[PDB]
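The chain below stands alone and is given in structure tokens; this is the form deposited in one PDB entry.
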């Protein structure tokens, strides 16, 4: 990250062994379940591109996923170099990725006025690649999630929203899915209660009504 030096001006400070051990543990345990993206973004707060690259390099195994990540960052960086023309200099996409700049340039861009926040721009590209990975590691479509005849309605809500969180579809589709699919894919007992409530109920009303049903 960047922090205030002895002179008060901002300077880089190393990503701690505890943060790296935490990230390594996160990816070793949770294997691109969607909470890995919030955990990455929380662990990587204020990170320079060198800190982001350090986190991603410490990932052991998962090398198919990490190649899907690198080809995404290539696609995002090429889009950046298509978007931004050529005239601190303006960073090229390879500079934002930390591939063609020093760390001193990254401190420069991140501390300029107005800032050129290469740490956040690059973290957006990494998170967009981690998204593509998480949706591919998700084994089921939201269309596949149904409640069993003997399954509690809370364990179906938990499976449904845990799957919905990993869907690609736009927020208009996720809204429609929560309203229509949550009613329709419940088992006939619970679905009868949810049809007696109707389309207008909140998730609290639907869960408290189907409690023990």
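Only the largest set of C-alpha atoms that superpose within 1.5 Å between the two forms is called the rigid core. Positions refer to the first chain, counted from 1. Only residues modelled in both forms are compared.
In what follows, reference is made to the form deposited in another entry, a form of this protein that is not presented.
No residue in 151, 35, 45, 179 other than 151 shows a CA shift of 2 angstroms or more between this form and the one not shown after fitting the rigid core.
Taking the rigid core as fixed, one finds a CA shift for residue 15 smaller than 2 Å between this form and the one not shown. Residue 66: CA moves less than 2 Å between this form and the one not shown after rigid-core fitting. Moving regions between this form and the one not shown, defined as 3+ consecutive residues each with a CA shift of at least 2 Å after core superposition, lie at 58-61, 148-155, 197-213.
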